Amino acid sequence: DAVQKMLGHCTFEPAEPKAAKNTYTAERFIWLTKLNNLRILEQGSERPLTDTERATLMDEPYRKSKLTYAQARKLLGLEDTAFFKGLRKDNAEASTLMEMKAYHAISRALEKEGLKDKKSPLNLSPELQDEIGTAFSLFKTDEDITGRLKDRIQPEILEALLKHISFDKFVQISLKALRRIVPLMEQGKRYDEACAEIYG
């Protein structure tokens, strides 16, 4: 769940590249973790978000640019009585719970070059997104980036990405290890239990 600008190998499945931060899977893993361990401080009672609650916040980080705790409060219908665990400040519910920066960066780039529409689905294969990030994190020259792309993506949409997007940082778990972990967490399971379930 943590970040680092230097490259490594997965702790669980060695010989695999640590996934870049700005990949749909990694970005989902980060969002899945935060929603899965988020807790409601109601009176003197701590509570986990229920299934429907999480569902009303599941796809929202993709839809809007950021998800502030304030947005989640209105979305959940939380009374002022309830509060958010972990959150520290004058206006802290304005802090971004999740952003999914890669998703909104790729989308903004395509819609910037006029090859995509606003408020529209980012019509991209997830593995596509991933490698777009993986490439823009491991290469910086237009030459090396394009060569890795290997026409996996249309020439028009690659000019767009090579014109406005820039990525860094990794996530300590391989994209492959995530691929077996990220379905399990969509079923409500936490990283703590899911990692041991698959690998441990």
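The first residue of the sequence shown is number 1, and the count goes up from there.
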ask   = Which fits the stretch between residue 88 and residue 89: none, 1 to 3, 4 to 9, or 10 or more deposited residues lacking coordinates?
value = 1 to 3
query = Per the entry, where is the mean C-alpha temperature factor higher: 116-124 or 68-76?
reply = 116-124
key: Position of residue 177 among the chain's modelled residues by C-alpha B-factor, lowest, middle or highest third   = middle
ask   = residue 148: which third of its chain by C-alpha temperature factor?
value = middle
request  = Could you say whether, by C-alpha temperature factor, residue 7 belongs to the lowest, middle or highest third of its chain?
outcome  = lowest
message = Is residue 52 in the lowest, middle or highest third of its chain when residues are ranked by C-alpha B-factor?
response = middle
query = Which third of the chain holds residue 37 when residues are ordered by C-alpha B factor: lowest, middle or highest?
reply = middle
